[PDB]
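Next comes start-v2.csv, a file with CSV, N, CA and C atoms (P, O5', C5', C4', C3', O3' and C1' of nucleotides).
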chain,number,residue,atom,x,y,z
G,79,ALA,N,65.3,-101.6,-26.9
G,79,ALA,CA,65.0,-103.0,-26.7
G,79,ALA,C,65.6,-103.9,-27.9
G,80,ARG,N,65.8,-105.2,-27.6
G,80,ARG,CA,66.2,-106.2,-28.6
G,80,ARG,C,65.1,-106.5,-29.7
G,81,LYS,N,64.7,-105.4,-30.4
G,81,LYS,CA,63.8,-105.4,-31.6
G,81,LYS,C,64.2,-106.3,-32.7
G,82,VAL,N,63.2,-107.1,-33.1
G,82,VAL,CA,63.3,-108.0,-34.2
G,82,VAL,C,63.2,-107.2,-35.6
G,83,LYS,N,64.1,-107.6,-36.5
G,83,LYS,CA,64.1,-107.2,-37.9
G,83,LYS,C,63.7,-108.4,-38.7
G,84,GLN,N,62.6,-108.3,-39.4
G,84,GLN,CA,62.3,-109.2,-40.4
G,84,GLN,C,63.1,-108.8,-41.6
G,85,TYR,N,63.6,-109.8,-42.4
G,85,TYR,CA,64.3,-109.6,-43.7
G,85,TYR,C,63.6,-110.4,-44.7
G,86,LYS,N,63.4,-109.9,-45.9
G,86,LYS,CA,62.8,-110.6,-47.1
G,86,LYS,C,63.7,-110.5,-48.3
G,87,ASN,N,63.8,-111.6,-49.1
G,87,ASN,CA,64.8,-111.6,-50.2
G,87,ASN,C,64.1,-111.6,-51.6
G,88,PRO,N,64.2,-110.4,-52.3
G,88,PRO,CA,63.7,-110.3,-53.7
G,88,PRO,C,64.1,-111.4,-54.7
G,89,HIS,N,65.2,-112.1,-54.5
G,89,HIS,CA,65.8,-113.0,-55.4
G,89,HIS,C,65.3,-114.5,-55.2
G,90,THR,N,64.8,-114.8,-54.0
G,90,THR,CA,64.4,-116.2,-53.6
G,90,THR,C,63.0,-116.3,-53.1
G,91,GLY,N,62.4,-115.2,-52.6
G,91,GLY,CA,61.1,-115.2,-52.0
G,91,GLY,C,61.1,-115.7,-50.5
G,92,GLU,N,62.3,-115.9,-49.9
G,92,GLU,CA,62.4,-116.3,-48.5
G,92,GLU,C,62.4,-115.0,-47.6
G,93,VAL,N,62.0,-115.3,-46.4
G,93,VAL,CA,61.9,-114.4,-45.3
G,93,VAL,C,62.5,-115.0,-44.0
G,94,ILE,N,62.9,-114.1,-43.1
G,94,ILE,CA,63.5,-114.3,-41.8
G,94,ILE,C,63.1,-113.3,-40.8
G,95,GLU,N,63.4,-113.6,-39.6
G,95,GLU,CA,63.2,-112.7,-38.4
G,95,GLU,C,64.3,-112.9,-37.4
G,96,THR,N,65.1,-111.9,-37.0
G,96,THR,CA,66.2,-112.0,-36.1
G,96,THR,C,66.3,-110.7,-35.3
G,97,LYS,N,66.9,-110.7,-34.1
G,97,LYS,CA,67.2,-109.5,-33.3
G,97,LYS,C,68.6,-109.0,-33.4
G,98,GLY,N,69.3,-109.6,-34.4
G,98,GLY,CA,70.7,-109.4,-34.7
G,98,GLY,C,71.5,-110.8,-34.8
G,99,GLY,N,72.8,-110.7,-34.7
G,99,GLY,CA,73.7,-111.8,-34.6
G,99,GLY,C,74.0,-112.7,-35.8
G,100,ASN,N,75.0,-113.5,-35.7
G,100,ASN,CA,75.3,-114.6,-36.6
G,100,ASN,C,74.1,-115.6,-36.7
G,101,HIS,N,73.4,-115.5,-37.8
G,101,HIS,CA,72.2,-116.3,-38.2
G,101,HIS,C,72.4,-116.8,-39.6
G,102,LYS,N,72.2,-118.1,-39.8
G,102,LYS,CA,72.5,-118.9,-41.0
G,102,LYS,C,72.0,-118.2,-42.3
G,103,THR,N,70.7,-118.2,-42.6
G,103,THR,CA,70.2,-117.6,-43.8
G,103,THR,C,70.6,-116.1,-44.0
G,104,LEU,N,70.6,-115.3,-43.0
G,104,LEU,CA,71.0,-113.9,-43.0
G,104,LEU,C,72.4,-113.8,-43.5
G,105,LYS,N,73.3,-114.7,-43.0
G,105,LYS,CA,74.7,-114.7,-43.5
G,105,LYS,C,74.9,-115.1,-45.0
G,106,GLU,N,74.0,-116.0,-45.5
G,106,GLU,CA,74.1,-116.4,-46.9
G,106,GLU,C,73.7,-115.2,-47.8
G,107,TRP,N,72.7,-114.5,-47.4
G,107,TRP,CA,72.2,-113.3,-48.2
G,107,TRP,C,73.3,-112.2,-48.2
G,108,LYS,N,74.1,-112.0,-47.1
G,108,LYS,CA,75.2,-111.1,-47.1
G,108,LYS,C,76.4,-111.6,-48.0
G,109,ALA,N,76.6,-112.9,-48.1
G,109,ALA,CA,77.5,-113.5,-49.0
G,109,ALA,C,77.1,-113.3,-50.5
G,110,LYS,N,75.9,-113.6,-50.8
G,110,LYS,CA,75.3,-113.6,-52.1
G,110,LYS,C,75.2,-112.3,-52.8
G,111,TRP,N,74.8,-111.2,-52.0
G,111,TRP,CA,74.6,-109.9,-52.5
G,111,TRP,C,75.2,-108.8,-51.7
G,112,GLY,N,75.0,-108.7,-50.4
G,112,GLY,CA,75.7,-107.8,-49.4
G,112,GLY,C,74.9,-107.3,-48.2
G,113,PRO,N,75.5,-106.9,-47.1
G,113,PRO,CA,74.8,-106.4,-45.9
G,113,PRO,C,74.0,-105.1,-46.1
G,114,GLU,N,74.4,-104.3,-47.0
G,114,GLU,CA,73.7,-103.0,-47.4
G,114,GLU,C,72.3,-103.4,-48.0
G,115,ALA,N,72.3,-104.3,-48.9
G,115,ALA,CA,71.1,-104.9,-49.6
G,115,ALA,C,70.2,-105.5,-48.5
G,116,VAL,N,70.8,-106.4,-47.7
G,116,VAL,CA,70.1,-107.2,-46.7
G,116,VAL,C,69.4,-106.3,-45.7
G,117,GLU,N,70.0,-105.2,-45.2
G,117,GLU,CA,69.4,-104.2,-44.3
G,117,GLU,C,68.3,-103.4,-45.0
G,118,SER,N,68.6,-103.1,-46.3
G,118,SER,CA,67.6,-102.3,-47.0
G,118,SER,C,66.3,-103.0,-47.3
G,119,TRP,N,66.3,-104.3,-47.4
G,119,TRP,CA,65.1,-105.1,-47.4
G,119,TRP,C,64.4,-105.3,-46.1
G,120,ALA,N,64.9,-104.9,-44.9
G,120,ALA,CA,64.4,-105.2,-43.6
G,120,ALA,C,63.1,-104.4,-43.3
G,121,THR,N,62.5,-104.9,-42.2
G,121,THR,CA,61.2,-104.5,-41.6
G,121,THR,C,61.4,-104.6,-40.1
G,122,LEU,N,60.8,-103.6,-39.4
G,122,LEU,CA,60.9,-103.5,-37.9
G,122,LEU,C,59.7,-104.1,-37.3
G,123,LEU,N,59.9,-105.1,-36.3
G,123,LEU,CA,58.9,-105.8,-35.6
G,123,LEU,C,59.1,-105.7,-34.1
G,124,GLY,N,58.1,-105.2,-33.4
G,124,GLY,CA,58.1,-105.0,-32.0
G,124,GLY,C,58.2,-106.3,-31.1
G,125,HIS,N,57.6,-107.4,-31.7
G,125,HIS,CA,57.6,-108.8,-31.1
G,125,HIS,C,57.3,-108.8,-29.6
T,1,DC,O5',83.0,-97.1,-38.8
T,1,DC,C5',84.1,-96.3,-38.7
T,1,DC,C4',84.6,-96.2,-37.2
T,1,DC,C3',84.9,-97.5,-36.6
T,1,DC,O3',86.2,-97.6,-36.0
T,1,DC,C1',83.3,-96.3,-35.3
T,2,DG,P,86.8,-98.9,-35.3
T,2,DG,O5',86.3,-98.8,-33.7
T,2,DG,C5',86.9,-97.8,-32.9
T,2,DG,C4',86.3,-97.9,-31.4
T,2,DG,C3',86.3,-99.3,-30.8
T,2,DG,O3',86.9,-99.3,-29.5
T,2,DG,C1',84.2,-98.3,-30.6
T,3,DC,P,87.0,-100.6,-28.6
T,3,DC,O5',85.7,-100.5,-27.6
T,3,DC,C5',85.6,-99.5,-26.6
T,3,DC,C4',84.3,-99.5,-25.9
T,3,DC,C3',84.0,-100.9,-25.2
T,3,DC,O3',84.0,-100.7,-23.7
T,3,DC,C1',82.1,-100.0,-26.4
T,4,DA,P,83.9,-101.9,-22.7
T,4,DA,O5',82.3,-102.2,-22.6
T,4,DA,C5',81.4,-101.3,-22.1
T,4,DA,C4',79.9,-101.7,-22.2
T,4,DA,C3',79.6,-103.1,-21.7
T,4,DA,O3',78.6,-103.1,-20.7
T,4,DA,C1',78.5,-102.6,-23.8
T,5,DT,P,78.1,-104.4,-19.9
T,5,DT,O5',76.9,-105.0,-20.8
T,5,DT,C5',75.7,-104.3,-20.8
T,5,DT,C4',74.6,-105.0,-21.7
T,5,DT,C3',74.5,-106.5,-21.4
T,5,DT,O3',73.1,-106.8,-21.2
T,5,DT,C1',74.7,-106.1,-23.8
T,6,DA,P,72.5,-108.3,-20.8
T,6,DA,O5',71.8,-108.7,-22.2
T,6,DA,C5',70.7,-108.0,-22.7
T,6,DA,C4',70.2,-108.5,-24.1
T,6,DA,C3',69.9,-110.1,-24.1
T,6,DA,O3',68.6,-110.3,-24.7
T,6,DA,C1',71.5,-109.4,-25.8
T,7,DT,P,68.1,-111.8,-25.0
T,7,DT,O5',68.6,-112.1,-26.5
T,7,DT,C5',68.2,-111.2,-27.5
T,7,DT,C4',69.0,-111.4,-28.8
T,7,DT,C3',68.8,-112.9,-29.4
T,7,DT,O3',68.4,-112.7,-30.8
T,7,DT,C1',71.0,-112.2,-29.4
T,8,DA,P,67.6,-113.9,-31.5
T,8,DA,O5',68.7,-114.9,-32.0
T,8,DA,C5',69.4,-114.7,-33.3
T,8,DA,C4',70.5,-115.7,-33.5
T,8,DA,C3',70.2,-117.2,-33.1
T,8,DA,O3',70.2,-118.0,-34.3
T,8,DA,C1',72.4,-116.5,-32.5
T,9,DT,P,69.9,-119.6,-34.3
T,9,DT,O5',71.4,-120.1,-34.7
T,9,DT,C5',71.9,-119.8,-36.0
T,9,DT,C4',73.3,-120.3,-36.3
T,9,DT,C3',73.4,-121.8,-36.1
T,9,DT,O3',74.0,-122.4,-37.3
T,9,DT,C1',75.0,-120.6,-34.8
T,10,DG,P,74.4,-124.0,-37.3
T,10,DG,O5',75.9,-124.0,-36.9
T,10,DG,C5',76.9,-123.4,-37.7
T,10,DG,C4',78.3,-123.6,-37.2
T,10,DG,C3',78.7,-125.0,-36.9
T,10,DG,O3',80.0,-125.3,-37.4
T,10,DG,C1',79.0,-123.7,-35.0
T,11,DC,P,80.7,-126.8,-37.3
T,11,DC,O5',81.8,-126.7,-36.1
T,11,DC,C5',82.9,-125.8,-36.3
T,11,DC,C4',83.8,-125.8,-35.1
T,11,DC,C3',84.3,-127.2,-34.7
T,11,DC,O3',85.8,-127.2,-34.4
T,11,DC,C1',83.2,-126.1,-32.8
T,12,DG,P,86.6,-128.5,-34.3
T,12,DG,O5',86.5,-128.9,-32.7
T,12,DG,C5',87.1,-128.1,-31.7
T,12,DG,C4',86.5,-128.4,-30.3
T,12,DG,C3',86.4,-129.8,-29.9
T,12,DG,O3',87.5,-130.3,-29.1
T,12,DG,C1',84.5,-128.5,-29.1
B,1,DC,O5',74.1,-124.0,-20.6
B,1,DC,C5',74.8,-124.8,-19.6
B,1,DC,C4',76.3,-124.8,-19.9
B,1,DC,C3',76.9,-123.4,-19.9
B,1,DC,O3',78.1,-123.4,-19.1
B,1,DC,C1',77.5,-124.7,-21.9
B,2,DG,P,78.9,-122.0,-18.9
B,2,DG,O5',80.2,-122.0,-19.9
B,2,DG,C5',81.3,-122.9,-19.6
B,2,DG,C4',82.5,-122.6,-20.5
B,2,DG,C3',82.9,-121.2,-20.7
B,2,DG,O3',84.3,-121.0,-20.7
B,2,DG,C1',82.4,-122.2,-22.8
B,3,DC,P,85.0,-119.5,-20.8
B,3,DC,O5',85.2,-119.3,-22.4
B,3,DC,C5',86.0,-120.2,-23.2
B,3,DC,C4',85.8,-120.1,-24.7
B,3,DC,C3',85.9,-118.7,-25.3
B,3,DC,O3',87.2,-118.6,-25.9
B,3,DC,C1',84.1,-120.0,-26.3
B,4,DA,P,87.8,-117.3,-26.6
B,4,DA,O5',87.2,-117.4,-28.1
B,4,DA,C5',87.6,-118.6,-28.9
B,4,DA,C4',86.9,-118.6,-30.3
B,4,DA,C3',87.1,-117.3,-31.1
B,4,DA,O3',87.5,-117.5,-32.4
B,4,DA,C1',84.8,-118.0,-31.0
B,5,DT,P,87.9,-116.3,-33.5
B,5,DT,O5',86.5,-116.0,-34.2
B,5,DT,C5',85.8,-116.9,-35.0
B,5,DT,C4',84.4,-116.5,-35.4
B,5,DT,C3',84.3,-115.0,-36.1
B,5,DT,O3',83.8,-115.1,-37.4
B,5,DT,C1',82.6,-115.4,-34.5
B,6,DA,P,83.7,-113.8,-38.4
B,6,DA,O5',82.3,-113.2,-38.0
B,6,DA,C5',81.1,-113.9,-38.1
B,6,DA,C4',79.8,-113.2,-37.7
B,6,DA,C3',79.8,-111.7,-38.1
B,6,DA,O3',78.7,-111.6,-39.0
B,6,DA,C1',79.0,-112.1,-35.9
B,7,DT,P,78.2,-110.2,-39.7
B,7,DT,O5',77.2,-109.8,-38.6
B,7,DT,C5',76.0,-110.5,-38.4
B,7,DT,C4',75.1,-109.7,-37.4
B,7,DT,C3',75.2,-108.2,-37.7
B,7,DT,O3',74.0,-107.5,-37.7
B,7,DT,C1',75.6,-108.7,-35.5
B,8,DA,P,73.1,-107.4,-39.0
B,8,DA,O5',71.7,-107.1,-38.2
B,8,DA,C5',71.6,-105.8,-37.6
B,8,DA,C4',70.6,-105.9,-36.4
B,8,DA,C3',70.3,-104.5,-36.0
B,8,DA,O3',68.9,-104.4,-35.6
B,8,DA,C1',71.5,-105.7,-34.2
B,9,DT,P,68.2,-102.9,-35.4
B,9,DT,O5',68.6,-102.5,-33.9
B,9,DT,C5',68.0,-103.3,-32.9
B,9,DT,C4',68.2,-102.7,-31.5
B,9,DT,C3',68.0,-101.2,-31.4
B,9,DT,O3',67.3,-100.9,-30.2
B,9,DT,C1',70.2,-101.8,-30.8
B,10,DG,P,66.7,-99.5,-29.9
B,10,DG,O5',67.9,-98.8,-29.0
B,10,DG,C5',68.2,-99.3,-27.7
B,10,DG,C4',69.5,-98.8,-27.1
B,10,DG,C3',69.7,-97.2,-27.3
B,10,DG,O3',69.9,-96.7,-26.0
B,10,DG,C1',71.6,-98.3,-27.9
B,11,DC,P,70.0,-95.1,-25.7
B,11,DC,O5',71.6,-94.9,-25.3
B,11,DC,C5',72.2,-95.6,-24.2
B,11,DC,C4',73.6,-95.3,-23.9
B,11,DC,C3',73.9,-93.8,-23.9
B,11,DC,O3',74.8,-93.4,-22.8
B,11,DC,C1',75.2,-94.9,-25.5
B,12,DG,P,75.0,-91.9,-22.3
B,12,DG,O5',76.2,-91.4,-23.3
B,12,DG,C5',77.5,-91.9,-23.2
B,12,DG,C4',78.4,-91.6,-24.4
B,12,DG,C3',78.3,-90.1,-25.0
B,12,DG,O3',79.3,-89.3,-24.4
B,12,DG,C1',78.7,-91.9,-26.7
Take the structure in the file and write it out as structure tokens.
Amino acid sequence: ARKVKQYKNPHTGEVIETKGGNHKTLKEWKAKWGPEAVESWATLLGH
DNA sequence: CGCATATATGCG
DNA sequence: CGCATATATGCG
């Protein structure tokens, strides 16, 4: 299923929720630190 | 990693 | 909304 991943940022205290794709805040965090980091901070949500 | 499908924002 | 760009989940 198109499971939601919540992501949270140790450096800003911001949070997101996405099922994937080109998403604004999620793309900034990949720019700022990296996709490995960004995925490692994730959480799985059944939604 | 490459393909398929649903998701997700921006250019037009 | 059509398309480009990107990207999770799932098949293989």
key: Distance-based interface of chain G with chain T, 12 Å, counting only C-alpha atoms (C1' of nucleotides), as a list in words   =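 On the chain G side, the interface is residues 79, 80, 81, 82, 95, 96, 97, 98, 99, 100, 101, 102, 103, 104 and 105 of chain G.
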request  = Provide the atom CA of residue G:90 to atom C of residue G:123 distance in Å, to one decimal place.
outcome  =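 Distance reported for this atom pair: 22.8 Å.
Take atom CA of residue G:117 and atom C of residue G:93: the distance between them is 12.8 Å.
The spacing separating atom CA of residue G:109 from atom N of residue G:122 amounts to 21.7 Å.
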task = Write out as a list in words all residues of chain G that backbone DSSP assigns to alpha helix (DSSP H).
result =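 Checking each residue of chain G, the alpha helix (DSSP H) ones are residues 102, 103, 104, 105, 106, 107, 108, 109, 110, 113, 114, 115, 116, 117 and 118 of chain G.
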Save out the residues we just selected, N, CA and C atoms, as a PDB file, in the coordinates of the input.
ATOM      1  N   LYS G 102      72.200-118.100 -39.800  1.00  0.00           N
ATOM      2  CA  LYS G 102      72.500-118.900 -41.000  1.00  0.00           C
ATOM      3  C   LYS G 102      72.000-118.200 -42.300  1.00  0.00           C
ATOM      4  N   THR G 103      70.700-118.200 -42.600  1.00  0.00           N
ATOM      5  CA  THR G 103      70.200-117.600 -43.800  1.00  0.00           C
ATOM      6  C   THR G 103      70.600-116.100 -44.000  1.00  0.00           C
ATOM      7  N   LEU G 104      70.600-115.300 -43.000  1.00  0.00           N
ATOM      8  CA  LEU G 104      71.000-113.900 -43.000  1.00  0.00           C
ATOM      9  C   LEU G 104      72.400-113.800 -43.500  1.00  0.00           C
ATOM     10  N   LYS G 105      73.300-114.700 -43.000  1.00  0.00           N
ATOM     11  CA  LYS G 105      74.700-114.700 -43.500  1.00  0.00           C
ATOM     12  C   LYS G 105      74.900-115.100 -45.000  1.00  0.00           C
ATOM     13  N   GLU G 106      74.000-116.000 -45.500  1.00  0.00           N
ATOM     14  CA  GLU G 106      74.100-116.400 -46.900  1.00  0.00           C
ATOM     15  C   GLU G 106      73.700-115.200 -47.800  1.00  0.00           C
ATOM     16  N   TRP G 107      72.700-114.500 -47.400  1.00  0.00           N
ATOM     17  CA  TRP G 107      72.200-113.300 -48.200  1.00  0.00           C
ATOM     18  C   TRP G 107      73.300-112.200 -48.200  1.00  0.00           C
ATOM     19  N   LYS G 108      74.100-112.000 -47.100  1.00  0.00           N
ATOM     20  CA  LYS G 108      75.200-111.100 -47.100  1.00  0.00           C
ATOM     21  C   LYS G 108      76.400-111.600 -48.000  1.00  0.00           C
ATOM     22  N   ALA G 109      76.600-112.900 -48.100  1.00  0.00           N
ATOM     23  CA  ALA G 109      77.500-113.500 -49.000  1.00  0.00           C
ATOM     24  C   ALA G 109      77.100-113.300 -50.500  1.00  0.00           C
ATOM     25  N   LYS G 110      75.900-113.600 -50.800  1.00  0.00           N
ATOM     26  CA  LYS G 110      75.300-113.600 -52.100  1.00  0.00           C
ATOM     27  C   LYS G 110      75.200-112.300 -52.800  1.00  0.00           C
ATOM     28  N   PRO G 113      75.500-106.900 -47.100  1.00  0.00           N
ATOM     29  CA  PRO G 113      74.800-106.400 -45.900  1.00  0.00           C
ATOM     30  C   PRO G 113      74.000-105.100 -46.100  1.00  0.00           C
ATOM     31  N   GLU G 114      74.400-104.300 -47.000  1.00  0.00           N
ATOM     32  CA  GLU G 114      73.700-103.000 -47.400  1.00  0.00           C
ATOM     33  C   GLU G 114      72.300-103.400 -48.000  1.00  0.00           C
ATOM     34  N   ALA G 115      72.300-104.300 -48.900  1.00  0.00           N
ATOM     35  CA  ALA G 115      71.100-104.900 -49.600  1.00  0.00           C
ATOM     36  C   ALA G 115      70.200-105.500 -48.500  1.00  0.00           C
ATOM     37  N   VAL G 116      70.800-106.400 -47.700  1.00  0.00           N
ATOM     38  CA  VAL G 116      70.100-107.200 -46.700  1.00  0.00           C
ATOM     39  C   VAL G 116      69.400-106.300 -45.700  1.00  0.00           C
ATOM     40  N   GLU G 117      70.000-105.200 -45.200  1.00  0.00           N
ATOM     41  CA  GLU G 117      69.400-104.200 -44.300  1.00  0.00           C
ATOM     42  C   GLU G 117      68.300-103.400 -45.000  1.00  0.00           C
ATOM     43  N   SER G 118      68.600-103.100 -46.300  1.00  0.00           N
ATOM     44  CA  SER G 118      67.600-102.300 -47.000  1.00  0.00           C
ATOM     45  C   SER G 118      66.300-103.000 -47.300  1.00  0.00           C
TER      46      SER G 118
END
Picked from chain G by DSSP as strand (DSSP E), as number ranges by chain = G: 82-86, 93-96, 121-123
Give me the box for stretch 1-11 of chain B as lines of an AutoDock Vina configuration file, namely the centre and edge lengths in Å to one decimal of a box along x, y and z that holds every listed atom plus 5 Å on each side.
center_x = 77.3
center_y = -109.1
center_z = -29.3
size_x = 31.2
size_y = 41.4
size_z = 30.8
